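The primary structure of each chain is shown beneath.
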Amino acid sequence: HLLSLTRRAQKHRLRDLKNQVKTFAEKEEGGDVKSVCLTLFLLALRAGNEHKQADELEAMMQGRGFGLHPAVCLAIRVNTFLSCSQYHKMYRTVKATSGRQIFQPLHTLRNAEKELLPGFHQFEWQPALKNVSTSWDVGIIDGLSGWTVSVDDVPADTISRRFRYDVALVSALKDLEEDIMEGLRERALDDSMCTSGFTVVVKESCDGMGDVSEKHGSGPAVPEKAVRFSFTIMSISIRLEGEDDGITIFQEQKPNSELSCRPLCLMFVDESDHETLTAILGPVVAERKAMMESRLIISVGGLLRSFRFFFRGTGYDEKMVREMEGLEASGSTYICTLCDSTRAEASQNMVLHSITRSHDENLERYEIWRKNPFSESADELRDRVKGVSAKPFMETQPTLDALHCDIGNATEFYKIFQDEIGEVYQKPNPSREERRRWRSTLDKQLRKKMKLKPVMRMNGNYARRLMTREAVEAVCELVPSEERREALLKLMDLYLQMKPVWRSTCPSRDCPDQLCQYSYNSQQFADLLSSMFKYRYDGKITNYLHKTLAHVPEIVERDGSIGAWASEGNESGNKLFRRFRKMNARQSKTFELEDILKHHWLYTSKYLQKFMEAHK
Amino acid sequence: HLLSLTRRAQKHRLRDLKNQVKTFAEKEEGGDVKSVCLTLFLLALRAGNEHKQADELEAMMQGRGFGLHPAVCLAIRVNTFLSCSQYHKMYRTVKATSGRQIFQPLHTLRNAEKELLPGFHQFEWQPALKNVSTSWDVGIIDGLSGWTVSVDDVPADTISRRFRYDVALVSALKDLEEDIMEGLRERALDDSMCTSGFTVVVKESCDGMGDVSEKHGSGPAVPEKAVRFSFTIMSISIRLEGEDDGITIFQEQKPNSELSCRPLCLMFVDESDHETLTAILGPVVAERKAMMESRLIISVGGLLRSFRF
Amino acid sequence: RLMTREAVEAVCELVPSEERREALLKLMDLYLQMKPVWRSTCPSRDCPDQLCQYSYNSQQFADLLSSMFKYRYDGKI
DNA sequence: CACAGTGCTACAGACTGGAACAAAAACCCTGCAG
DNA sequence: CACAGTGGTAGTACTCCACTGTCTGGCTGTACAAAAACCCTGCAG
Ligand SMILES: [Ca+2]
Ligand SMILES: [Ca+2]
Ligand SMILES: [Ca+2]
Ligand SMILES: [Ca+2]
Ligand SMILES: [Zn+2]
C-alpha cells in the first residue's frame, strides 16, 4: 500500500490527476489549488461516513489555528513569563516526540507581533499637532532625541528608550476596541450615530528605582538608578449629543493591577539631578501639552471616530511632586503641597484648610521670586512667595498618594508605640540606650503575638498588618498606665474608622457612612492628639498627617476617588521591570532597554489577556 | 466565490472530478476512495507548502495524540522553570481553545514523579550499616533530627531539611542506570557477568550563602544566611574480575555544570557559629563515615549488583 | 578577562618606566602559560606540554617575583 | 581552560520541476542444466 | 479598603470503564422544482 512507501516513491501514481487538476483549475477558478481538493476530500471522506474525522477535517484550515492559532501561542507565551529560548526548547520537545506539533515556530510568533506594538495603525490628529511630526509608523525611538554628542558640551552619558506619546496612545487605545464596542452594545447606544463624542481619562505615573546593577558593555558609563515613566487608561465615556454629564462605556475594574500599566519611557538616570531628567523628559511634556488641545481621529469598529483626552498626573511620590513643581523638599517649613500653611499653623489648627496650590499660580510665583519687584530680603521674600524657589517643569493634579500615606501613618504610630512602651511624657529627655531598649522589647512583643519580624524600612504590607486592633491590643499590655491604654486604643479605632474613605476605590458606593462622617471623626482624632499626646505634637506634625486630617473630604469630592489613582500601578510594575531585565532581555548595554520595553508592552495588552480565560 | 456554500452545489461542481477519480481508482488502485483522496492533498499542497502541510496531513488517524506521556510533560515543566500555577494556566488555555487536550493535568503529574524522588526503590547494604535504620522509604526528613525543643536547653532555632544519605544515593545511582547499561554495551563487556566489583567516585561540596531574606511567618526566629550541602556522582567504573585498577564506564562530561549537582541538605544557619552547624551536620558525616565500609546491593538492569563508594 | 595579555597591554602604557613595563609583561606571560594546568578538566590530555613544564615555569615566576618586586614580597605572600 | 542562556539577524540545508537515468527489489519467464 | 500569585489537601462534581436495545441524523444513485441574480431582449419615458 502506498501509505508504506516514501513520499518520493509515489511519483508514478498521480500524474494523470495532476494533469486533470491543472486542466480544471483554468476553466472555473484560475489557480485555486486549495478548494478543488478540499471540498472533494472532505465530502469523499463522508461517503463512508464516521463523524470522528468530520470534526478533524472541518477546523483543519480556516477556524481556528490547527494547531493552536499563532496569536493564542503568543498570548500563552507572554502571559506565563516564558523566555523565547525556553519556548523554543519546549517547541522542539513537543514536536520531536509524538508530534504532530501543536505550538508554532518562533519566526511566525515574531510575525504576529508587528500588529500589537505601536506604529502599525493609521490615525489622524485634527488639527495638526504642535511641533510634532505627522508620521504614524515610528516604533521604538531613542530618548536622547538628537543630542549633539560632541565632547565640549554636556555629556550624553544617559541611555534611554521610549515610544512616541501619541503613537503608543493610539495603539493602547485601539487595543481596547473589543471592550469599547461591547460597552456600546450593552448600553444599547446608537452606533453609526454619536461617533464624535468620546472622552478618555488617563492616569499617568512616574517613579524611580534604586540599585539597578550595570554591565560592562562598551560604554558610555551609566549610573545605577533607573527611572520609569508609564501611563494607564482609566476610563472612556461618551458625551454626545446632550448634557448627560457622565455616560461611561468602559472603566478599568482594577486600576492598581500590573496588567493595566503601560510603559512609555525608560531611562538610566538618577531622580535627584534635575538636568538629565528634564533633558530627556522634555519632549514627553511637550507632546502632552500639544495633545491636550487637539482631537484624535481613529478607525474603530468600521468607522472613523473622534476622541478627546484628559490627563491626570497622580502617580508621583512627594519627593518627585516637590521636584517637578519647584517647591523645596521635604523637611521644609511649608509642609503641604496643596496648602500654604507652615509647620506652626498646621500643628496649631489641624483640621481646617483649603486647597490653593496648582500649576499656573506656581509659575507666576516663580516669576515674582525672580523679578522681585519690591526689593525684599531673602528670608521674607521666601515667605511672600510661599516656598517657590524654582520654576515648575510639569503639571500634576492636586491629589494625595494613597500608598505612601498609609506608610507614613504606619511609621508614625510605630514611633508613638515606641514612646509609649517606656514613659516618655514623665521623663522628657531619654537617651539612645533606652530608645533602643524600648524598640527591642516592642519588636519582640510584636513578633511573639502578631507574627511580624522587624523591618528595615516600613513597606506597605507591614503597614497593613500593623495598624489593626489586634496589634494595638497586643501593645496595650506593655504600657503600664491604664489611661494611656484607652487613649491609644481609641486613637487606633478612629484611624481604622477613617481609613476606608481614602483607601477604597470608590468610597461613594462601597462605604458611604464612613464618608459622611469623615470630617467629625477627624475632628475628634485631632482633638485627642492635641489633648493627650501634646508632648509629641506641640509644634511638629508629619506632612502626611496634615494631608490626611485636612484635605481628604475636598479631594474625594473633587474627583470621587483616592485609592483608584494611587501609585500602586507603577510601584508594582517595577517588579515586572526587574524580572524582564534579568530573564527576557538581551544582555548588552546597547540593546537591552529596547527588549525590556517591548516585552513589557506585550505583557500589559488586553487583547493577549483575553485568551488567558478563554471563556473558562 | 468558493467560501461557504452547502454540499449540494459543490456536488455538481465536482461530479466530473470525483467520477474521474473513481475511474482512476478502479483502473489502477481498485477503487478505495479514502486512500486516494487522502493522498491527493500531499502533492497538491507540497508544490509550495510552508511546513504545516506535513503536520496537518500527518494529523491523520495514525500517531496520534492524545497527549504526551506524563513523564515528558513533567520534564518540560521542570526544565523550562514553569511554576505549577503557570503550568495549570497553560493547560487550561490550551484545552479550552480547540482542545483536543494535549498536556496532562496536575494531579497526574503529582503521582508521576513518585519514582524519581528518593525512597522508592528497594535496596540493601551488607553488612548492615552502623547507627543507620534499615527503612528504605524515608523521604524528606527534618534535619533537626529529634531536638528536645524544651526551653531550658540550647534552643532549636534552625529550620532545615535533608534526605538521608543512603536513600538519596541509591536513587541517584538507580537513575543513571541507562548510562551504565549503555556503557557496558558500547564497551562490549558482558552485561550479566562481573557485576560485583563496581566503584563510584562521588564529589561532595558544602557552601554558605548570604542575605537570604527572612519571612514574617510564625516562628521561631532564624538567621538570614543559609547553608546548602550538595553532592554529585563524578564517575562509575568496573574492576571485576581483576587485573585492572579500573575500567571506566560512566564519566561526567560536564562536572561543574549546574545540571549535575544533587542537593542533600538545606539549612538556615550561619557559617561562623560552630555549634549549630555541627549539631545539624553530625548525622550526615556519621552515616558517610559509616558508609565507606560496607557494600550496597541494588536491582539494576534486571539483576542484583554490588557497589562500593 | 583581566588575566589575559591584551589586558596587561592596556596597563603597561601607564607605567612610565620601561624595565618595569617589560617585567610585568613577562610576569603575565608566565602566568598565562602556567594557568591551564590547574584550570583545565584533565591536563594530562588537553595540554601535556604545560604540565611537563610547570615546575620550571613556576621556578622562573618565583625568581622574577623575588628579583624585580622584592619590595612587596619580602615577608608577605 | 563554567555553562546554560539572552533575542535578533544571517545564511546554511530541506523542498519543487521536468529530464532522464541508472541501481535495485523482486515477479515472471526463458535457457541450459540432472 | 492592592493583587496575582504558591503548592498541597479535602470535597464535590462530573465524566466516564462494561453489559443493551433503540433511536435520529445524515450519507448515497437522479428527478423535480423553487429561488437567485445577472443578462439578454421587449416595450415605454
Ligand atoms: Ca522609588
Ligand atoms: Ca521614589
Ligand atoms: Ca563563605
Ligand atoms: Ca563561602
Ligand atoms: Zn495643607
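Residues numbered from 1 in each chain as written, not as in the entry; some residues may be left out. Chains lettered and ligands numbered in written order. Part of a larger assembly, values for the part shown. Heavy atoms only, no water.

- Method of structure determination, per the deposited record: cryo-EM was used for this entry, reaching 3.4 Å resolution.

- The title line of the PDB record says "Cryo-EM structure of RAG in complex with 12-RSS and 23-RSS nicked DNA intermediates".

- Taken from UniProt, the Subcellular location comment for chain A reads in full: "Nucleus". (UniProt positions renumbered as here; feature names shortened; annotations may be inferred.)

## Thoughts on the overall build of chain C
Here is step 1 of the chain: A tally of helices and strands in chain C yields five helices and zero strands.
Here is step 2 of the chain: Start at the N end of chain C and walk to the C end: the helices and strands fall as α-α-α-α-α.
Here is step 3 of the chain: Reported as C-alpha extents along the three principal axes, the dimensions of chain C are approximately 40 × 30 × 20 Å.
Here is step 4 of the chain: Buried residues in chain C amount to 23% of all 77 residues.
Here is step 5 of the chain: In chain C, the share of contacts with a sequence separation of at least 24, taken over all contacts with a separation of at least 6, comes to 51%.
Here is step 6 of the chain: Approximately 6,000 Å² of chain C is accessible, and the part contributed by carbon and sulfur atoms is 55%.
Here is step 7 of the chain: Across chain C, the centroid of the 11 positively charged side chains sits 7 Å from that of the 11 negatively charged ones. (Helix = DSSP H or I, 4+ residues; strand = E, 2+ residues; numbered from the N terminus. Buried < 20%, exposed > 50% of the residue type's maximum accessible area, 1.4 Å probe, protein only. Contact = heavy atoms within 4.5 Å. Areas by Shrake-Rupley, 256 points an atom, 1.4 Å probe, with all protein chains shown as cover. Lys, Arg positive; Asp, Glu negative; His and termini not counted. Charge placed at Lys NZ, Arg CZ, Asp CG, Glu CD.)

## What about the pattern of salt bridges?
Residues and elements named next belong to chain A.
Here is step 1 of the chain: Under the defined criterion, the tally for this structure stands at 31 salt bridges over all chains.
Here is step 2 of the chain: The salt bridge involving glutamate 252 is made with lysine 606; its shortest N-O contact spans 3.4 Å. A residue pair is termed long-range when its members are at least 10 positions apart, and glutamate 252 in the loop between strand 6 (247-251) and strand 7 (262-267) and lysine 606 in the segment after helix 26 (592-603) qualify at 354 residues. The burial state of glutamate 252 is the same as that of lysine 606; both residues are buried.
Here is step 3 of the chain: Here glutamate 328 and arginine 382 are joined by a salt bridge, their closest N and O atoms 3.1 Å apart. (Salt bridge = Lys/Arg side-chain N within 4 Å of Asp/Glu carboxyl O.)

## Some remarks on helix 2 (residues 18-39) of chain C
All names here are of chain C.
Here is step 1 of the chain: Taking 1.5 Å of rise per residue, the 22 residues of helix 2 would be expected to cover 32 Å, and the 32 Å separating its terminal C-alpha atoms lies within 8% of that figure.
Here is step 2 of the chain: Largest kink in helix 2: about 25°, centred on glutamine 33, with the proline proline 36 one to four residues after it.
Here is step 3 of the chain: Those residues of helix 2 not exposed but buried are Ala23, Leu24, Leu25, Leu27, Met28, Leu30, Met34 and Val37.
Here is step 4 of the chain: Of the surrounding secondary structure, the elements contacted by the buried residues of helix 2 are helix 1 (5-11), helix 3 (43-46), helix 4 (48-52) and helix 5 (54-68). (Expected span 1.5 Å × (residues − 1). Bend = angle between axes of the 7 residues up to and from the residue.)

## Description of the sheet that holds strand 8 (residues 295-300) of chain A
All names here are of chain A.
Here is step 1 of the chain: Reading across from one edge, 1-8-9 is the order of the three strands in this open sheet, with antiparallel pairing throughout. Sheet topology places strand 1 (123-126) and strand 9 (303-307) at the edges, where each strand pairs with a single neighbour. Within this sheet the neighbouring strands show an average axis-to-axis angle of 25°, counted without direction.
Here is step 2 of the chain: Bridge analysis of strand 1 against strand 8 gives four bridges, and the strand direction is antiparallel. Pairing of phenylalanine 123 across the sheet is with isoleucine 298, part of strand 8.
Here is step 3 of the chain: Across the sheet, helix 7 (residues 165-174) touches strand 1, strand 8 and strand 9, and the angle it forms with strand 8 is around 40°. (Pairing = 2+ DSSP bridges. Axes fitted to C-alpha atoms, helices over the stretch in contact; angles between N-to-C directions.)

## Concerning the interface of chain B and chain A
Here is step 1 of the chain: Contacts between the two partners involve 62 residues from chain B, matched on the other side by 71 residues from chain A.
Here is step 2 of the chain: Together chain B and chain A conceal approximately 6,100 Å² of surface at their shared face, both sides included; 62% is due to carbon and sulfur atoms.
Here is step 3 of the chain: Counting the surface chain B buries against chain A, the share from its top three residues, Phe41, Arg100 and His216 of chain B, is 11%.
Here is step 4 of the chain: For the pair chain B and chain A, the interface holds zero salt bridges.
Here is step 5 of the chain: Inspection of the chain B/chain A interface yields 14 residue pairs in polar contact.
Here is step 6 of the chain: A total of 13 residues in the side of chain B that touches chain A trace back to one element, the largest contributor, which is helix 3 (residues 33-46) of chain B.
Here is step 7 of the chain: Of the residues in the side of chain B that touches chain A, the class split is 29 nonpolar, 14 polar and 19 charged. (Buried area = accessible area lost by both parts, 1.4 Å probe. Polar contact = N/O pair within 3.5 Å; in protein donor to acceptor, adjacent residues only side chain to side chain. Nonpolar A, V, L, I, M, F, W, Y, C, P; charged D, E, K, R; others polar.)

## Overview of the protein's contact with DNA strand E
Here is step 1 of the chain: Close contacts around DNA strand E come from 25 residues, with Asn49 and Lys254 of chain A together with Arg7, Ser83 and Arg110 of chain B the closest.
Here is step 2 of the chain: Restricting the count to atoms of DNA strand E within 4 Å of the protein gives a sugar and phosphate share of 77%.
Here is step 3 of the chain: A distance of 2.3 Å separates a phosphate oxygen of DNA strand E from a polar side-chain atom of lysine 254 of chain A.
Here is step 4 of the chain: Between DNA strand E and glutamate 568 of chain A there is a distance of 3.2 Å, counted from a base nitrogen to a side-chain nitrogen or oxygen.
Here is step 5 of the chain: Within the residue set of the surface near DNA strand E, elements represented by two or more residues are helix 18 (482-503) and helix 25 (568-582) of chain A together with helix 1 (7-13) and helix 6 (84-96) of chain B.
Here is step 6 of the chain: When grouped by side-chain class, the residues that make up the surface near DNA strand E number four nonpolar, nine polar and 12 charged. (Near = heavy atom within 4 Å.)

## Concerning the coordination of the zinc ion (ligand 5)
Residue and element names in this part refer to chain A.
Here is step 1 of the chain: Surrounding the zinc ion (ligand 5) are the protein donor atoms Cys336 (SG), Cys339 (SG), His546 (NE2) and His551 (NE2), at 2.0 to 2.2 Å.
Here is step 2 of the chain: Coordination geometry of the zinc ion (ligand 5): the four donor atoms subtend angles of 90 to 132° at the metal centre, consistent with an arrangement described as tetrahedral.
Here is step 3 of the chain: Of note, the donors binding the zinc ion (ligand 5) are all from one chain and are spaced C-x2-C-x206-H-x4-H. Of this pair, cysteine 336 sits in the loop between helix 10 (318-324) and helix 11 (343-348) while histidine 551 sits in the loop between helix 23 (543-550) and helix 24 (552-558), and the two are 215 residues apart along the sequence. (Donors = N, O, S within 2.8 Å, 3.2 Å for Na, K, Ca; no water. Tetrahedral: all angles 85-135°; square planar, octahedral: opposite > 155°, others 65-115°.)

## Remarks on a negative patch on the surface
Residues and elements named next belong to chain A.
Here is step 1 of the chain: Residues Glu345, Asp379, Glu380 and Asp383 make up a contiguous surface patch of negative charge.
Here is step 2 of the chain: No other element matches the three residues that helix 13 (residues 378-385) contributes to the negative patch.
Here is step 3 of the chain: Counting through the fold element by element, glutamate 380 comes out in helix 13. (Patch = residues over 30% accessible without salt bridge, like charges linked within 9 Å, V, L, I, M, F, W, Y side chains within 5 Å.)

## Brief notes about the packing of aromatic side chains
Residues and elements named next belong to chain A.
Here is step 1 of the chain: Using the criterion set out here, one finds 24 aromatic pairs over all chains in the structure.
Here is step 2 of the chain: Each ring, one from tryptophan 125 and one from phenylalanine 309, has its centre 5.9 Å from the other, and the planes form 45°; the classification is tilted. Here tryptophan 125, found in strand 1, pairs with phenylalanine 309, found in strand 10 (residues 309-313); they are 184 residues apart in sequence, far enough to count as distant.
Here is step 3 of the chain: Every member of this aromatic cluster is reached through a ring pair, and the members are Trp125, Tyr165, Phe231, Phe309 and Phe311.
Here is step 4 of the chain: When the ring centre of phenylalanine 374 is taken as reference, the NZ or CZ atom of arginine 384 above it lies at 4.1 Å. (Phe/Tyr/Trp six-rings, centres within 6.5 Å; stacked < 30°, edge-to-face > 60°. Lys NZ or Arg CZ within 6 Å of the ring centre and 35° of its normal.)

## Concerning the side chain of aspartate 401 of chain A
Residue and element names in this part refer to chain A.
Here is step 1 of the chain: Inspection of the secondary structure assignment puts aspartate 401 in the loop between helix 13 and helix 14 (402-421).
Here is step 2 of the chain: Of the buried charged residues, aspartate 401 lacks a salt bridge, with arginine 503 as the closest side chain of opposite charge at 7.5 Å.
Here is step 3 of the chain: When near neighbours in sequence (up to four residues on either side) are disregarded, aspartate 401 contacts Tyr316, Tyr544, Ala566 and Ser567.

## Focus: the nonpolar core
Residue and element names in this part refer to chain A.
Here is step 1 of the chain: Formed by 99 residues in total, the largest nonpolar core has its most connected members in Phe103, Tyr165, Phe231 and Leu296.
Here is step 2 of the chain: If sequence neighbours within four positions are ignored, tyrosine 165 has contacts with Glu204, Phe229, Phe231, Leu264, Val284, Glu287, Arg288, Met291 and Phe311.
Here is step 3 of the chain: Counting residues in each nonpolar core, the second largest holds 55 residues, with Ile335, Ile416, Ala463 and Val475 among its members. (Core = buried A, V, L, I, M, F, W, Y, C linked by side-chain atoms within 4.5 Å.)

## Re the packing of helix 2 (residues 33-45) of chain A against helix 3 (residues 51-58) of chain A
Residue and element names in this part refer to chain A.
Here is step 1 of the chain: As a packed pair, helix 2 and helix 3 sit with axes 9 Å apart at the nearest point and diverge in direction by 160°. As far as their axial angle goes, helix 3 and helix 2 are roughly antiparallel. Judged by the twist between their axes, the crossing of helix 2 over helix 3 is left-handed. Residues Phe41, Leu42 and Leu45 of helix 2 pack against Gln53, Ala54, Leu57 and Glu58 of helix 3.
Here is step 2 of the chain: For the contact of helix 2 with helix 3, a count of residues per class yields five nonpolar, one polar and one charged. (Parallel < 35°, antiparallel > 145°, perpendicular 65-115°, else oblique. Left-handed = near helix turned anticlockwise from the far one by under 90°.)

## So, the state of the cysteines
Here is step 1 of the chain: Taken as a whole and judged by the stated rule, the model has zero disulfides over all chains.
Here is step 2 of the chain: Summary of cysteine pairing: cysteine 37 of chain B is not part of a disulfide, and the nearest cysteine sulfur, belonging to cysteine 37 of chain A, is at 11 Å.
Here is step 3 of the chain: Looking at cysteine 37 of chain B, the relative accessible area reads 3%, which means it is buried. (Disulfide = S-S within 2.5 Å.)

## Thoughts on the arrangement of the chains
Here is step 1 of the chain: Ranked by contact count, the leading pair among the two pairs of chains in contact consists of chains A and B.
Here is step 2 of the chain: Chain B makes no contact with chain C; the smallest distance between any of their C-alpha atoms is 9 Å.

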